[PDB]
Protein chains: 2
Amino acid sequence: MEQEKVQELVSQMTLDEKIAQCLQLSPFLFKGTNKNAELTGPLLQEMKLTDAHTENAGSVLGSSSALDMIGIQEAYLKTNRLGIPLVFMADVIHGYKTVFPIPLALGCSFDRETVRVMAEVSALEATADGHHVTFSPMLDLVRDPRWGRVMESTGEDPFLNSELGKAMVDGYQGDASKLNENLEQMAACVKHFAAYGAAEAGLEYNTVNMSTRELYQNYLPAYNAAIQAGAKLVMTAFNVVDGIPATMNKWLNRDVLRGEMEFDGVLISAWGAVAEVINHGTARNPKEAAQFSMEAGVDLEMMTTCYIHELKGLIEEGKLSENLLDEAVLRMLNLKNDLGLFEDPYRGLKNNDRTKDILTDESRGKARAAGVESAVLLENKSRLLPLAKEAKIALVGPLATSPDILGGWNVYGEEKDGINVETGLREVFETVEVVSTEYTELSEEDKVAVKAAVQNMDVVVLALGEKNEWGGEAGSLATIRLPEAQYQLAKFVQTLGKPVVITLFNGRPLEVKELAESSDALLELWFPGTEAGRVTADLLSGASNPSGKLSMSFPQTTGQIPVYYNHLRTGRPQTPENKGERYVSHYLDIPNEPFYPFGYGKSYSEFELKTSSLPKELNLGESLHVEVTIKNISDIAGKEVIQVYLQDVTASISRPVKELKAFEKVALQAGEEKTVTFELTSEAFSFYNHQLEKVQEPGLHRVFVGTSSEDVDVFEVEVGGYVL
Amino acid sequence: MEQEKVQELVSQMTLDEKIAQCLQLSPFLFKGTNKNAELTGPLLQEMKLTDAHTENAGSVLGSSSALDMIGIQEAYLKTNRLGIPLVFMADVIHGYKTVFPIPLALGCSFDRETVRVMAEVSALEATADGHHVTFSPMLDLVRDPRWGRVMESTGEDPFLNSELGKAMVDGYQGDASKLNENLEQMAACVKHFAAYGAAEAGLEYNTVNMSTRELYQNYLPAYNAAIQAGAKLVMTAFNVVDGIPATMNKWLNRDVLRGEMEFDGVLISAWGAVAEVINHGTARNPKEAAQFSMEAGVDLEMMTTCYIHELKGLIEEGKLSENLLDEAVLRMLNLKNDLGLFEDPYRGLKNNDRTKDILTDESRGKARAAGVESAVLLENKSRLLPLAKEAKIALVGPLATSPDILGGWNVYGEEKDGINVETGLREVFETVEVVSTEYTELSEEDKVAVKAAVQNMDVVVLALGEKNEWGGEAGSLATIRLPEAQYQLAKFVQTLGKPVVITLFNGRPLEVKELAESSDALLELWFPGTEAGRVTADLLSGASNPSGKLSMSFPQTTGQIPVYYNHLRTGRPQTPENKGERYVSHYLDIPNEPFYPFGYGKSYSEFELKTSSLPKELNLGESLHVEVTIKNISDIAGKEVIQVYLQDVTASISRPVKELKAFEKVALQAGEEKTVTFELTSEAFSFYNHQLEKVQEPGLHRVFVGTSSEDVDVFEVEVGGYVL
Ligand SMILES: OC[C@H]1O[C@@H](O)[C@H](O)[C@@H](O)[C@@H]1O
Ligand SMILES: OC[C@H]1O[C@@H](O)[C@H](O)[C@@H](O)[C@@H]1O
Ligand SMILES: [Mg+2]
Ligand SMILES: [Mg+2]
């Protein structure tokens, strides 16, 4: 509908209707739900919600199905005075029913198209079941694998996170201006604004603190990129940002997000985050919480009641302007209008059962392809991998048969539809003997069984990993190790004298030195989703060739955290020249280097790269064009991730030794050669100074081209002169 | 001498003389040294120093003795054109020849007079050996025990650190305006400006980053308190402060230190930190390092050559004002004048040998007393301690005979003068059988010998600990554990069936859960210094009653870091009510609480505390007076540390759940009662807001009175109304 009519609607709403429009509830709080109706009476009572509230609520989250949505929306519209439909939102993080790899794995793909396809399939399915908005992409920069929510991020690099966040937004939304016509696309919601991933000591919901300059330099760019690409909503974070809970942080939300970033859509609280400013000690009671959160521009309170119970009194007493409320309401109505809800409140579903669009073989093949892009081959000593299809496999461990391979933040996908490692392997390999063990134990009976199977077979596929519940939200591990029984299993298997491949399933970087050293090959599958066992067999058999690269460093030990590629030099860097000397930046007990670095991953192929001759000088404002020729010099088709880093050698702020500024994943047949070109604009040379200006300074830069943050050629360019 | 004559010197100095005045050298770079003459030629060549530089250098650091000083100063004044004596500086950190407990141990004393006496003795001795300045107190707030330099700090509380820093400054300097007359006192130098203890991942020299507000709130107060108390010098830090190396950080050193803190003394670089701004990538070469360091107000370059080789070109070329150089020179000459050097360049020694003042029995008694104040009794199950003098003791382990008990940052103290654990115990206990073991090994032979000694005796004193070189500068440990052989030893000794007291020697919090569980008693001696074994024997025997309290939290495990008592609440605190629920701030694998908290320590005595009735309301600007009656209800004399904490329940910044704001250690005979009063001024109620203003806001505060950060009674005070 026309904008004037949307505005007319705000004019016609009562104060009570406006206030309720800013409330989001679970589906079973509404009449006409078709699941958990037993919960309705008591929770309404505990939250002090009445029909006047629920008949005028703005939004539902976590609808259980299309029939839930239709039932709720049909009942709601029979009673709603002005005919303002509900907007339905859901956590579609890495797939709906067809589950794709967890986002940290998708990070390791270094493949924008993989990420866009994942998001496109997710929306196809989730719109089929009645959802209008997804709480994705998650764009929190992560340096601390203790935090269980690293699985939701694409990792430690702001540029990669930025690029892949744009890819996700494009996949969910397509052309954002046509979300009222394209009903298999859905609105995206960027989360969590901001810097949630810096939770101190890896502890869920904990303190975040960093300088404003560092917040701009590293922690804000991915949110900004997704906002500029047209993400429709933004969601607040649970943490303080410089001492003030994000939800009520007016500088963050009004000055940065709405002002500088020019975001003009709905700002939704994380769950209960409005009320939880009271816990943080920055609001005395729900009245202050409501006032401060509305002052900060939070439009939609997720499942708490501060707005609903307090806004009327604040407005009547003159402590809050009703204009702020009208602004929030208008943004809510505009979101609904963008989704087409005033013309079709059922968004395509009313006369059109799209059941058939869910969990198709096509979508499954795309989830398999995502998993084979995202896995990272970490070790392969003496070409153990790929295995011949006639290889006799002893498949042993806790991940041999476990159906828990879909990942955390899987709200809608079902394990009954997933493919476990055994099932995947048996489709490919004729001879497999299986010995399942428990996740946290290694018995004498297990050892006897394992030794028998290994003796019978020729190679060991040792399937290790995490239960998904050991990560995700409020899954913090102080020690980033598998259960000790799993390391003991690996040590035992090594003694048996056969070659061992470890296929590792997990949601965070772990201490894997003991695994790498106890086996011949190490394949990081992360959690691949629905097709996990087929992803695993295809990579092991060579039907697919591993091409993922680490998007997050793997520490030597827990106590190395945080360790990351884009670090500062210090005043006393350890060099090859001074290594062993006491008075330099080092640990007495471990190397400075992570066990594996950003951008690292192995392949069954071998590749050669060469960079075309670069200018020795550049003007300010001028782009650097980097041309790279890559050849596959092996007999095996595969993909390589070409990475380009920049370093600012001297600056008014100490700058990182490298920062990723371009990447492309290149597919090459045996012997095939291709040429790729990158443009590093002057923005790539730029950074935030002590006064928070984004600046470009003349001086020397180094340009690194290669296949990891370590395996690079280095070039120098002197920037100066005039500004183009 | 008169100020006009000091200014006349500056006026008469040549540019080259003024430049060299800003250089500090090791003693053996000067003619007339009496030690390490073999190091002189090679190092002069490598630094490209000539006679013209050395005959005009401003200062010596690390003279080896009084005769070293006299020889150097005598030669220097024979050749110096204007008669500007050298100033001699040294690292006197926790004692000179009489070595006192390491600073982290002194923090555990919670005893201002102990710290002042330590610094007084240090100065008595250090002046007797010709030193004018010490590079102490170290006031870096520490929350990360991976960092080896925690041993230099008094711990994780800014108030404690502030109070003890002031005590050290008072001890070293006495009345600062009389340093020209009181020649057994010396100048103090506050270090390291600023925030060095926040080194990321515990890694030496590594990146520090925090918000400006947090810098002011927590990281600057102790420096400021020492500066306001009259500390003569400040030394720069190695780290970046918000991306700019402290040494060339103009905002930090010009705006904050000289401006806001009103410091007008010598700012000296940490060792090589001027040259090292190059390594950090914020200066391209020595010429820039010199320019930016002088712009930032660094007066004295410690053992690098940027100033000496580059200032003349910078000033001649008009890139740097000669007036900044004149300001630095005037500060150097004012220090020298403050120390009386223009009247007596030998500061009391030329005709007065003060060897009689070094390592006196009185000074040894003071060090023992400091050691018994600073040790922390952590466990004492079943009243194992104190031991009877007739107790038959098997003394076993790596600290049984090791002479390494003086601590890190012990430049001048000698192990031959220290008292080891065996020697200390045999002065007190008639029957001791000793089995020494290695720091990192546990052999079969050791086990046989330990088993035999334990069989023979009745109780085991298991002496474990760190070598001092595993801490101090560039002694970072990623895992804060003793060598695993020592945990294996404690496990072994537990099997032998006799009661075990573990006496732990160390420079950092460690993972001690496995020790506490493998023994009946656990006594944290840190490194007590020269009287170590007598301290140990006196506490074990009950001649002294433990009275130290932790000034730094002991983590559950390395991955809990950082963990500290003055933490924020979060939006989802774990409470006794919700413990067990998933969606709260917790770890899956460990408690939120540290293994032992701030302000914890046991005693042989038992105490009862009662707080007198408190007002329910307070005006803004008004002090709260807290009166506490304490009684020793046991038959054993002892000391207790009464602690007072304040909480700001609601604020415009999320405030810590508690902050220490007063403490007093109270000595009580059996059955004795005393009353102590504390004034919490309005400053105790104040904090830095989002604008960096220091404010007091009306509202609710809680007042906690007790004997640790956990063992407290709680009161509420509503602050509001008018101001004063
Ligand atoms: O410990 C203070 C200084 O001592 C010197 O001898 C070392 O060479 C320096 O690297 C160190 O910072
Ligand atoms: O995980 C998202 C949210 O889900 C809800 O079911 C929980 O009650 C919240 O504590 C949580 O933040
Ligand atoms: Mg530069
Ligand atoms: Mg308050």
# chains A, B, ... in the order shown; residues from 1 in each chain; ligands from 1

call {"tool": "interface_residues", "arguments": {"of": "chain A", "to": "chain B", "cutoff": "7 Å", "atoms": "only C-alpha atoms", "output": "PyMOL selection string"}}
result
chain A and resi 201+203-207+209-212+238+242-244+276-277+279-284+474-479+558-562+568-572+582-589+649-655

call {"tool": "select_by_dssp", "arguments": {"residues": "region 282-402 of chain B", "states": "alpha helix (DSSP H)", "output": "number ranges by chain"}}
result
B: 286-295, 306-316, 322-338, 361-374

call {"tool": "write_last_selection", "arguments": {"atoms": "N, CA and C atoms", "output": "short mmCIF file (atom, residue, chain, number, x, y, z; two decimals), in the first residue's frame"}}
result
data_model
loop_
_atom_site.label_atom_id
_atom_site.label_comp_id
_atom_site.auth_asym_id
_atom_site.auth_seq_id
_atom_site.Cartn_x
_atom_site.Cartn_y
_atom_site.Cartn_z
N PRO B 286 64.69 5.94 13.30
CA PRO B 286 65.09 6.65 14.55
C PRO B 286 64.79 8.13 14.60
N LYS B 287 64.77 8.80 13.46
CA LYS B 287 64.51 10.23 13.43
C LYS B 287 63.06 10.53 13.82
N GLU B 288 62.13 9.73 13.29
CA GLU B 288 60.78 9.89 13.71
C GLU B 288 60.53 9.48 15.18
N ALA B 289 61.14 8.37 15.60
CA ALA B 289 61.05 7.91 16.98
C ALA B 289 61.46 9.01 17.96
N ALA B 290 62.58 9.67 17.65
CA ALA B 290 63.05 10.83 18.42
C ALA B 290 62.06 11.97 18.40
N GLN B 291 61.61 12.33 17.22
CA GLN B 291 60.68 13.45 17.14
C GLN B 291 59.41 13.20 17.94
N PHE B 292 58.78 12.05 17.71
CA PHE B 292 57.45 11.80 18.32
C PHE B 292 57.59 11.59 19.84
N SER B 293 58.70 10.99 20.28
CA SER B 293 58.95 10.83 21.71
C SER B 293 59.17 12.15 22.39
N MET B 294 59.95 13.06 21.78
CA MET B 294 60.12 14.36 22.42
C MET B 294 58.82 15.20 22.39
N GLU B 295 58.06 15.12 21.30
CA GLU B 295 56.78 15.76 21.26
C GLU B 295 55.89 15.30 22.41
N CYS B 306 68.16 7.13 19.73
CA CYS B 306 67.43 7.97 18.88
C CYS B 306 67.68 9.45 19.18
N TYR B 307 67.53 9.86 20.44
CA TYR B 307 67.79 11.25 20.80
C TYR B 307 69.18 11.68 20.44
N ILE B 308 70.14 10.91 20.94
CA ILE B 308 71.55 11.29 20.79
C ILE B 308 71.96 11.50 19.31
N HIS B 309 71.50 10.61 18.42
CA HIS B 309 71.89 10.68 17.02
C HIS B 309 70.98 11.57 16.15
N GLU B 310 69.75 11.82 16.56
CA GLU B 310 68.76 12.54 15.68
C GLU B 310 68.23 13.93 16.10
N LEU B 311 68.32 14.27 17.39
CA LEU B 311 67.72 15.55 17.88
C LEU B 311 68.39 16.73 17.23
N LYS B 312 69.70 16.65 17.01
CA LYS B 312 70.35 17.83 16.45
C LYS B 312 69.80 18.12 15.05
N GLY B 313 69.77 17.15 14.15
CA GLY B 313 69.15 17.35 12.82
C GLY B 313 67.68 17.85 12.85
N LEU B 314 66.83 17.26 13.72
CA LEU B 314 65.45 17.67 13.85
C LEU B 314 65.31 19.13 14.24
N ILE B 315 66.14 19.56 15.17
CA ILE B 315 66.06 20.96 15.67
C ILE B 315 66.62 21.93 14.63
N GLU B 316 67.77 21.59 14.05
CA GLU B 316 68.39 22.41 12.97
C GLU B 316 67.43 22.53 11.79
N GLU B 322 63.56 23.60 19.69
CA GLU B 322 64.52 23.55 20.78
C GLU B 322 63.88 23.78 22.16
N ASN B 323 62.74 24.46 22.24
CA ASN B 323 62.14 24.71 23.54
C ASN B 323 61.70 23.42 24.20
N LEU B 324 61.26 22.44 23.44
CA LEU B 324 60.91 21.16 24.07
C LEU B 324 62.15 20.51 24.67
N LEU B 325 63.26 20.55 23.94
CA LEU B 325 64.52 20.07 24.52
C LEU B 325 64.91 20.80 25.80
N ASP B 326 64.81 22.13 25.80
CA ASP B 326 65.10 22.90 27.01
C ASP B 326 64.22 22.51 28.20
N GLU B 327 62.99 22.16 27.90
CA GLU B 327 62.06 21.76 28.97
C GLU B 327 62.50 20.43 29.57
N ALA B 328 62.89 19.49 28.73
CA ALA B 328 63.34 18.21 29.20
C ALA B 328 64.64 18.36 30.01
N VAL B 329 65.56 19.16 29.50
CA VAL B 329 66.80 19.41 30.23
C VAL B 329 66.53 20.04 31.62
N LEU B 330 65.67 21.06 31.69
CA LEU B 330 65.33 21.70 32.92
C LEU B 330 64.73 20.68 33.89
N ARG B 331 63.84 19.80 33.40
CA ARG B 331 63.37 18.75 34.30
C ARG B 331 64.48 17.82 34.90
N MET B 332 65.42 17.44 34.07
CA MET B 332 66.57 16.61 34.47
C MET B 332 67.39 17.35 35.54
N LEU B 333 67.69 18.63 35.26
CA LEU B 333 68.50 19.39 36.20
C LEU B 333 67.72 19.60 37.51
N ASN B 334 66.40 19.85 37.44
CA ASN B 334 65.54 20.01 38.65
C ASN B 334 65.56 18.73 39.50
N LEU B 335 65.46 17.54 38.89
CA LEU B 335 65.65 16.27 39.63
C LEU B 335 66.98 16.22 40.35
N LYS B 336 68.04 16.61 39.62
CA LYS B 336 69.35 16.51 40.19
C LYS B 336 69.43 17.46 41.35
N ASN B 337 68.82 18.63 41.19
CA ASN B 337 68.78 19.63 42.29
C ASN B 337 68.00 19.18 43.52
N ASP B 338 66.85 18.52 43.28
CA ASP B 338 66.02 17.93 44.29
C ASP B 338 66.78 16.92 45.11
N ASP B 361 70.76 -6.95 60.95
CA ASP B 361 69.77 -7.77 61.61
C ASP B 361 68.40 -7.09 61.79
N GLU B 362 68.35 -5.81 62.15
CA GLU B 362 67.10 -5.07 62.21
C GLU B 362 66.35 -5.16 60.86
N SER B 363 67.05 -4.90 59.77
CA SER B 363 66.44 -4.96 58.44
C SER B 363 65.97 -6.39 58.12
N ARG B 364 66.78 -7.39 58.40
CA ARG B 364 66.29 -8.81 58.32
C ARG B 364 65.02 -9.13 59.13
N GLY B 365 64.89 -8.58 60.36
CA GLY B 365 63.66 -8.69 61.15
C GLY B 365 62.48 -8.01 60.47
N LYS B 366 62.71 -6.86 59.82
CA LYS B 366 61.63 -6.21 59.11
C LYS B 366 61.14 -7.08 57.90
N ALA B 367 62.08 -7.63 57.14
CA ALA B 367 61.75 -8.55 56.06
C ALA B 367 61.04 -9.82 56.50
N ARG B 368 61.44 -10.41 57.65
CA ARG B 368 60.71 -11.54 58.17
C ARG B 368 59.27 -11.15 58.50
N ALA B 369 59.10 -10.02 59.18
CA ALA B 369 57.80 -9.53 59.59
C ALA B 369 56.95 -9.31 58.33
N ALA B 370 57.55 -8.75 57.26
CA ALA B 370 56.82 -8.55 56.03
C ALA B 370 56.35 -9.88 55.44
N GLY B 371 57.24 -10.87 55.43
CA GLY B 371 56.91 -12.22 54.95
C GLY B 371 55.77 -12.85 55.74
N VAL B 372 55.79 -12.75 57.08
CA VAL B 372 54.68 -13.33 57.85
C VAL B 372 53.38 -12.52 57.68
N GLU B 373 53.49 -11.25 57.30
CA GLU B 373 52.24 -10.45 57.00
C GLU B 373 51.59 -10.79 55.66
N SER B 374 52.38 -11.28 54.74
CA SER B 374 52.06 -11.39 53.30
C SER B 374 51.65 -12.80 52.84
#

call {"tool": "residues_around", "arguments": {"residues": "region 341-351 of chain B", "least_positions_apart": "3", "cutoff": "10 Å", "atoms": "only C-alpha atoms", "output": "ChimeraX atom specification"}}
result
/B:1,6,66-67,69-70,73-74,77,83-87,127-132,179-184,186,333,335-338,354

call {"tool": "closest_residue", "arguments": {"among": "A:625, A:620, A:671, A:23", "to": "ligand 3", "atoms": "only C-alpha atoms and all ligand atoms"}}
result
A:620

call {"tool": "residues_around", "arguments": {"residues": "residue 645 (chain A)", "least_positions_apart": "4", "cutoff": "7 Å", "atoms": "only C-alpha atoms", "output": "PyMOL selection string"}}
result
chain A and resi 658-661+703-705

call {"tool": "write_last_selection", "arguments": {"atoms": "C-alpha atoms", "output": "short mmCIF file (atom, residue, chain, number, x, y, z; two decimals), in the first residue's frame"}}
result
data_model
loop_
_atom_site.label_atom_id
_atom_site.label_comp_id
_atom_site.auth_asym_id
_atom_site.auth_seq_id
_atom_site.Cartn_x
_atom_site.Cartn_y
_atom_site.Cartn_z
CA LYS A 658 48.22 -8.21 7.64
CA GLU A 659 44.56 -7.66 6.85
CA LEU A 660 42.60 -9.66 4.25
CA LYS A 661 41.32 -7.29 1.56
CA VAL A 703 50.75 -6.54 -0.52
CA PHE A 704 50.67 -10.26 0.09
CA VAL A 705 49.26 -12.71 -2.41
#

call {"tool": "select_by_dssp", "arguments": {"residues": "region 291-532 of chain B", "states": "strand (DSSP E)", "output": "VMD selection string"}}
result
chain B and resid 301 to 302 376 to 380 393 to 397 432 to 436 459 to 465 500 to 505 521 to 524

call {"tool": "closest_residue", "arguments": {"among": "B:9, B:552, B:450, B:108", "to": "residue 665 (chain B)", "atoms": "only C-alpha atoms"}}
result
B:108

call {"tool": "atom_distance", "arguments": {"atom1": "CA of residue 609 (chain B)", "atom2": "CA of residue 154 (chain B)"}}
result
26.0 Å

call {"tool": "decode", "arguments": {"residues": "region 46-76 of chain A", "atoms": "C-alpha atoms", "output": "short mmCIF file (atom, residue, chain, number, x, y, z; two decimals), in the first residue's frame"}}
result
data_model
loop_
_atom_site.label_atom_id
_atom_site.label_comp_id
_atom_site.auth_asym_id
_atom_site.auth_seq_id
_atom_site.Cartn_x
_atom_site.Cartn_y
_atom_site.Cartn_z
CA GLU A 46 2.64 -14.58 34.55
CA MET A 47 3.33 -11.82 31.93
CA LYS A 48 0.06 -9.96 32.80
CA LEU A 49 -1.00 -9.92 29.20
CA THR A 50 -4.67 -9.39 28.32
CA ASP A 51 -6.68 -9.71 25.10
CA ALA A 52 -6.29 -5.99 24.45
CA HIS A 53 -2.46 -6.70 24.38
CA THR A 54 -2.38 -9.87 22.34
CA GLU A 55 -5.01 -8.64 19.84
CA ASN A 56 -2.76 -5.63 19.18
CA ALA A 57 0.73 -7.17 19.41
CA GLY A 58 3.11 -6.33 16.64
CA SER A 59 4.85 -9.58 15.97
CA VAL A 60 5.13 -13.35 16.54
CA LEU A 61 8.35 -15.12 16.85
CA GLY A 62 9.04 -18.80 16.50
CA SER A 63 5.80 -19.93 14.79
CA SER A 64 5.95 -23.75 14.62
CA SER A 65 4.54 -24.20 11.09
CA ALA A 66 2.47 -22.74 8.26
CA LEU A 67 -0.73 -23.94 9.96
CA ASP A 68 0.33 -22.20 13.21
CA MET A 69 0.92 -18.96 11.25
CA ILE A 70 -2.38 -19.16 9.33
CA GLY A 71 -4.39 -19.97 12.48
CA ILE A 72 -2.82 -17.17 14.44
CA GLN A 73 -3.08 -14.61 11.67
CA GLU A 74 -6.72 -15.55 10.81
CA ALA A 75 -7.82 -15.22 14.46
CA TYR A 76 -5.80 -12.03 14.94
#
